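Protein chains in written order, with UniProt numbering: chain A, 39 to 315; chain B, 423 to 562; chain C, 423 to 562; chain D, 423 to 562; chain E, 419 to 522; chain F, 367 to 522; chain G, 419 to 470; chain H, 315 to 366; chain I, 23 to 199.
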């Protein structure tokens with residue numbers, strides 16, 4: 039059994055090298071994918087100061103997006119936003135609201151089915167396989183447009199720094215189905231604008247809502263990707279500290295057993311020599 | 423290399439090997455810090471990839487072939503060619519034949535100067551350096 | 423069973439179980455590696471989940487009570503009922519109670535012929551597999 | 423403190439120290455528990471932060487200098503000033519200054535009453551609450 | 419190594435229920451009350467089997483872990499689970515109308 | 367550890383050595399195949415610490431080629447013995463030396479990378495690999511035909 | 419894993435102070451001056467205390 | 315312990331002079347709990363760790 | 023008409039009544055910006071703030087005095103106290119004016135808001151500065167797009183976008199001074 043302790047020391051030592059390398063891999067992938075999040079944080083603002091921000095809307099039909107990670111050493115991010123998805127898919131319900139449950143990421147389909155399997159409809163995965171592009175987020179938004187809901191619900195982690203990641207609920211209102219109706223405040227604040235588009239307001243708010251869905255989805259799955267990287271970077275420095283503490287304790291144990299087996303073998307040799315001497 | 427020591431040290435090393443093995447052992451130590459991290463290939467650092475690709479150059483450089491002992495000028499020309507960077511063209515699986523394609527390609531008039539002087543003199547450090555660029559390495 | 427051996431081989435296995443339990447220890451060999459990897463639960467393959475599902479049917483099959491030795495023919499039917507698929511889609515928490523259905527609700531005449539021949543004859547290979555569907559299983 | 427045990431001296435220790443030290447061992451157990459639960463700094467719950475600060479307050483209280491043993495009456499009071507309030511203003515660094523501030527500034531007859539009685543009577547609890555409010559704490 | 423955050427849902431269930439029954443096997447002793455302060459709790463056998471059966475079936479997943487720690491049976495589990503909750507409100511309001519004036 | 371995976375004869379390919387593994391007694395086409403098999407199998411045994419926790423998805427498809435090549439070589443090193451027909455199921459195979467060297471030189475250099483890994487398990491030489499491969503393909507294309515009869519009313 | 423100019427100003431002041439204390443613990447030796455050229459320095463105790 | 319303390323107890327300060335020992339220490343199996351350094355370290359009044 | 027009084031302040035308090043108290047209130051994207059539409063100010067005289075965005079880049083975020091914007095009716099201009107407008111944009115050239123200098127961004131088509139407080143938001147999709155464009159490939163791609171006229175309205179709309187984009191880009195790279 040004294041080579042079981044040595045092979046366990048081998049195992050924990052290579053694990054503590056693997057996680058020390060994956061911490062640096064995540065720290066490399068965080069620093070080049072931190073600037074694309076900051077370049078994306080501007081474009082969400084014109085639509086949020088234009089369309090407003092209206093989460094508690096009595097939508098007849100809704101689509102929820104919980105955008106998660108794909109690889110699963112993130113350290114409780116996807117479970118956190120899955121709990122936020124159920125905590126907002128119980129909050130927004132007031133009228134028997136049909137909700138479409140859509141998750142982007144392989145670690146979203148495996149948990150939102152455990153939470154809500156009956157209303158779960160679409161699964162998008164490998165959305166971080168090369169990088170996040172607006173054409174991809176546009177195609178996902180077009181697939182979310184094949185459902186014609188009255189609102190869209192976006193659940194992502196707002197990457198603040200390399201430590202703080204807050205889950206954010208962002209909404210997108212369908213143009214004439216609820217968006218022009220939710221601006222109707224003692225009249226309307228939307229009719230103060232001069233529509234300069236080709237056609238009427240009914241197909242400039244349509245184009246503008248599809249664009250807002252694409253922008254919110256693109257910024258969501260970029261910001262959540264940077265939160266995934268910066269949380270795996272700190273969830274692989276607890277693996278290195280745990281594998282270092284276990285290697286320290288196992289090295290101490292192996293030295294105790296090494297000394298004990300030298301003493302035991304020695305006492306056996308003396309006991310065998312004294313029975314003849 | 424991590425455990426093989428020599429308490430005499432490089433005081434009893436052939437000079438001309440001491441000029442180039444002093445950097446060979448340093449880059450091999452950097453590789454030994456960077457080894458077992460090379461299975462994460464797509465996720466680069468591009469500076470630890472430099473010490474990774476150079477250490478993988480120098481590891482396959484040092485292999486021999488069972489009762490073919492190599493004379494010391496050919497050894498120091500080998501770690502000159504691999505250490506200075508004349509073999510960054512060659513992929514890691516053809517450096518056992520890239521060193522065979524140095525000794526056969528570099529003229530044998532530099533080897534007796536390197537054996538005789540017992541160091542890489544700067545005239546020779548221009549000569550054999552210029553001779554390693556007219557070498558037909560098995561590269562692609 | 424990963425460390426258990428019988429060095430007589432299948433020379434002295436009951437022939438009605440030499441053919442059924444040969445593919446029992448295959449699927450438990452497939453079960454022993456895919457279940458330690460999924461102790462982490464890193465990725466899913468959805469067919470490796472199946473051999474993790476069926477191998478855990480067969481672990482719950484091979485459980486036994488303390489002073490209840492099952493003769494030989496009621497052991498080969500309780501493994502015919504799992505290696506020919508009949509106890510699939512029966513809940514894993516309830517295979518230790520679903521197999522009293524196989525001993526009771528299956529005809530007592532199928533054990534007298536299987537003990538007499540020692541091998542599942544084709545007139546019994548299909549006739550017993552037709553009666554393993556004519557049983558009431560919990561969960562269903 | 424989690425491993426240090428002394429059973430026979432308990433229910434035979436100083437009565438005032440027994441009054442003020444059950445909650446001392448209690449809040450250090452809470453401090454070791456709220457340190458073992460959040461071992462690395464990522465989440466600030468701010469309700470454990472009271473325990474995580476009172477524990478460091480008591481831990482900085484418990485440490486003392488070498489070759490300077492303290493009388494038990496100048497020790498019951500100094501741990502009264504930490505298990506109760508009276509030191510939650512002083513940050514963590516001046517507690518070794520705040521302890522000698524509490525000991526020097528308080529009326530020295532409080533120590534005589536405490537040493538003679540053995541326990542902190544309500545007549546002594548009133549003056550101990552009074553004289554520990556009017557001390558000039560260094561964290562200010 | 420990896421923490422609880424990389425466990426499955428059923429394994430987080432196993433870890434939570436096992437931490438609860440790890441605490442619930444502990445009990446205060448009538449002969450250890452002279453140095454622990456907690457009075458000793460004799461537990462009947464039917465109370466033990468019913469309580470552990472309830473923790474196993476999932477009747478007490480909503481309770482915290484330390485409500486099971488150093489209690490007699492599952493009635494005292496909920497007594498401490500309420501008492502434990504109550505102290506999460508009252509941590510204050512001991513400023514005036516006390517017994518610590520000067521003259522009385 | 368070889369034998370718990372079911373590879374019988376359970377020879378460790380790495381720890382087993384010979385004095386006939388000299389290139390100037392058994393030639394170069396034998397020595398190079400033996401050392402290349404050892405190199406692939408030791409590379410895979412190096413890979414097994416990052417395979418076992420991460421799962422063969424971050425390996426840049428140079429290490430994945432190595433894992434598939436090593437698993438094919440590991441299964442192909444197994445051979446059903448003529449004296450072990452009593453144990454498992456299989457008539458024994460005598461594998462002549464030239465067919466062994468050609469087969470492992472084929473698996474080593476990517477000539478059989480399109481064949482599945484279990485067609486190499488307990489087969490004699492590399493044409494028995496393909497013969498088990500096509501047979502397995504016929505087995506899977508014929509597995510789904512029998513679920514419509516044999517449920518009642520046999521032909522007496 | 420982050421870079422030189424990622425950390426704060428009060429911490430990099432200690433990086434500079436440590437990089438110039440770590441240099442200041444070096445000392446030329448009198449018995450080294452036959453194979454270095456640079457002469458040796460004997461440092462007094464309170465001189466070391468004050469200079470640090 | 316007594317064969318080590320027979321040496322290391324004559325290295326002390328008397329009223330006449332003092333003997334100060336700089337003793338090279340080999341930790342045997344990277345093991346500080348080995349009884350040769352666990353007995354040696356009892357007498358050691360300082361350490362000077364030279365590092366590569 | 024405003025029967026769902028939602029917001030970044032109402033969902034937090036109606037979320038207190040359904041979510042468990044272990045979960046802190048989720049954020050909303052209005053929490054991360056200080057500029058709004060209704061709140062007055064942000065003019066201080068002549069220059070008004072422009073917010074030029076693009077998904078992958080932010081080409082300008084400072085203040086300008088006047089913007090020339092390629093609307094779908096045509097290239098218009100905005101002053102500081104401009105009327106609230108939402109403008110769909112043709113493939114054209116945005117010019118940001120700050121004084122004598124000006125930057126010439128060629129965008130591919132997007133929107134351009136002017137908000138009721140006068141803050142403007144140019145939200146385009148791909149925006150190349152006119153220096154790094156070639157006049158070579160546009161002619162060949164236009165000629166390849168001007169001959170293939172299929173029957174399907176999808177590729178007809180795509181080819182019409184190609185004609186208009188390439189025609190305006192050649193027209194904006196031809197007459198540059």
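Note that CB positions come from ideal geometry on N, CA and C, so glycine has one too.
Reference residue i, options the options, closest by Cα
i              : options                           : result
residue 458(G) : 467(G), 464(G), 448(G) and 466(G) : 448(G)
residue 492(D) : 559(D), 525(D), 543(D) and 510(D) : 525(D)
residue 557(B) : 481(B), 434(B), 547(B) and 509(B) : 509(B)
residue 472(B) : 505(B), 489(B), 444(B) and 497(B) : 505(B)
residue 419(F) : 484(C), 461(C) and 477(C)         : 461(C)
residue 85(I)  : 167(I), 143(I) and 149(I)         : 143(I)
residue 46(I)  : 205(A), 288(A), 55(A) and 117(A)  : 205(A)
residue 513(C) : 453(C), 540(C) and 559(C)         : 559(C)
residue 146(A) : 157(A), 156(A) and 162(A)         : 162(A)
Closer than 8 Å to chain G by CB, residue i
i             : result
residue 60(A) : no
Closer than 8 Å to chain A by CB, residue i
i              : result
residue 85(I)  : no
residue 464(C) : yes
residue 467(B) : yes
residue 88(I)  : no
residue 101(I) : no
Buried versus exposed call for residue i [16 or more other C-beta atoms within 10 Å across all chains shown]
i              : result
residue 192(A) : buried
residue 175(A) : buried
residue 106(A) : buried
residue 61(A)  : buried
residue 462(E) : exposed
residue 576(F) : Coverage of chain F is limited to positions 367 through 522, which leaves residue 576(F) absent and any answer about it impossible.
residue 307(A) : exposed
residue 50(I)  : buried
residue 156(I) : exposed
residue 460(G) : exposed
residue 422(E) : exposed
Cβ of residue i within 8 Å of any chain I Cβ
i              : result
residue 248(A) : no
Residue i at chain F interface by Cβ criterion, 8 Å
i              : result
residue 432(C) : yes
The ligand SAM heavy atom lying under 7 Å from the CB of residue i
i              : result
residue 174(I) : Among the ligands in the structure shown, none appear at all, so the ligand SAM cannot be discussed.
Within-8 Å CB hit, residue i to chain D
i              : result
residue 455(E) : yes
residue 452(E) : yes
8 Å Cβ cutoff, residue i in contact with chain H
i              : result
residue 297(A) : yes
Chain C within 8 Å of residue i, Cβ atoms only
i              : result
residue 518(F) : yes
Touching by the beta-carbon criterion (3+ pairs, under 8 Å), the segment 102 to 112 of chain I and the segment 235 to 244 of chain A: Touching, per the Cβ criterion.
The segment 71 to 80 of chain A in contact with the segment 349 to 363 of chain H per 3-pair CB rule at 8 Å: No, they do not touch.
In chain order, each alpha helix (DSSP H) run of at least 4 residues that lies wholly inside the segment 453 to 515 of chain D: Entirely contained in the segment 453 to 515 of chain D, the alpha helix (DSSP H) runs reaching 4 residues are, in chain order, 471 to 484 and 495 to 505.
The segment 257 to 265 of chain A / the segment 136 to 152 of chain I touching (three or more Cβ pairs under 8 Å): Between the segment 257 to 265 of chain A and the segment 136 to 152 of chain I, the count of Cβ pairs shorter than 8 Å is below three; the stretches do not touch.
Cβ pair count under 8 Å reaching 3, the segment 262 to 275 of chain A against the segment 120 to 127 of chain I: Because the criterion of three Cβ pairs below 8 Å is not met, the segment 262 to 275 of chain A and the segment 120 to 127 of chain I do not touch.
Cβ pair count under 8 Å reaching 3, the segment 227 to 237 of chain A against the segment 77 to 94 of chain I: Contact holds: three or more Cβ-Cβ distances are below 8 Å.
Stretch pair the segment 539 to 559 of chain C + the segment 435 to 452 of chain D: three plus CB contacts closer than 8 Å: As far as the Cβ criterion goes, the segment 539 to 559 of chain C does not touch the segment 435 to 452 of chain D, which means the pair count is below three.
Whole runs of the alpha helix (DSSP H) within the segment 429 to 512 of chain E, excluding any shorter than 4 residues: Listed in chain order, they are 451 to 454, 463 to 475 and 492 to 504.
Beta strand (DSSP E) segments (min. 3 residues) lying fully within the segment 64 to 128 of chain I: Taken in chain order, the complete beta strand (DSSP E) segments of 3 or more residues contained in the segment 64 to 128 of chain I are 70 to 75, 88 to 92, 97 to 100, 107 to 110 and 115 to 119.
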